[PDB]
Every structure is written in structure tokens, then in C-alpha cells.
């Protein structure tokens, strides 16, 4: 039977495929926001290449098993990771995959755990983390994910992420001086937005 408020392994794979297709519209905007640590206009391109490599790996895997979906997500994202945002994103996805290992379906409760473990894995991966960044936005999303149904969890996680994103120039002066929010954190918002679109 269908679980209504839970994704099977095939649906989890489709969610990330959907989110990848969603992401491409926002690439040019993310590039133009990129001021930290250097303004070289590539955050959107870097994050998209990371996502696209995860999708290529999922297409080669047996997405009927949750442990194979998790393996493809971590392994693909690492190889395709580009730049600081891509490396961090790949390690966020590795923590997300870790929460999926040993589980048969992704429900609201596991999605909270996955978002929280993703943020911690991304934080541990950076040698010297800085706040006002993708790390701050990813952590807020996991902390603010509430509810039992997927849709409520994604909605509350997204709202907490958008709220943290607006506060990034308050924490990082280079963002305030340039009048932008963090490009990496904005990319993570767009990724959560795509996931909500799949679940809606």
C-alpha cells in the first residue's frame, strides 16, 4: 500500500531528480550573488554540477533499494562537487544519505533527522566554518523542521531556512557591504524549494 505521508526509495530518487531540474532556473542569480569568499560568480554553476552528478549516479543505481539511493547520492555528489559550495553541499548530502541508511521509507520524522544530520555533516566537513553561510541556513532548516507529514516538515524547514538566509548579512560584513544575502545559503533554499515542489 501507499503511505501518503512517506516516500519510498523510488520517490526519494525522483525528489532529487526533480530538485535538480528545478535548480537550473536559479543558477544565473546565484552566480551574481557570489561575493564570499571571493566574488568570482560561480556559486550557482558549482552547486548545479554537484547536483547533476548525483542525478547521473542515481540513474545508474537500483533505486528500488533505499541503501542504493543513499549510496548514489553521496558518491555522485562527491565526484561532481565543485568549489566551496559544491564540496559543502556534497557533505550535507552525505549526512542526509547517512540518515537514509538502514531505513525503508522517508517520513516526516526521518526527514527532520536527515536535514539535521546533513547540516552537522556539512559543518564537520569545513576546516574552519564561518557563520552567515550555507552552514547557518542548513542548520536552521533542520532545527526548524517540525511536524509528522512530509509536507509540513518541508514547509517549516523551508520557512526557517528563508528566515536564516535573510539574516546572513547581519552576521557576515562582506555580505552587508555588498548588499546581498549569502549565495551558498540561497542555493540551499532553492534546493529545499524544489523538494517542496515535488511533494506538493
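Positions refer to the first chain, counted from 1.
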item	value
Stretch exceeding the other in mean C-alpha B-factor - 106-114, 79-87	106-114
58-66 versus 161-169 - greater average Cα B-factor per the deposited record	58-66
Out of 134, 140, 154, 35, residue topping the C-alpha B-factor column of the entry	154
Highest-ranked of 11, 19, 186, 180 once sorted by CA temperature factor in the record	11
Cα B factor band for residue 47 (lowest, middle or highest third within the chain)	lowest
CA B-factor ranking of residue 97, expressed as a third of its chain	middle
Chain third (lowest, middle, highest) by recorded CA B-factor, residue given as residue 125	highest
Within-chain third of residue 30 by Cα B-factor, per the entry	lowest
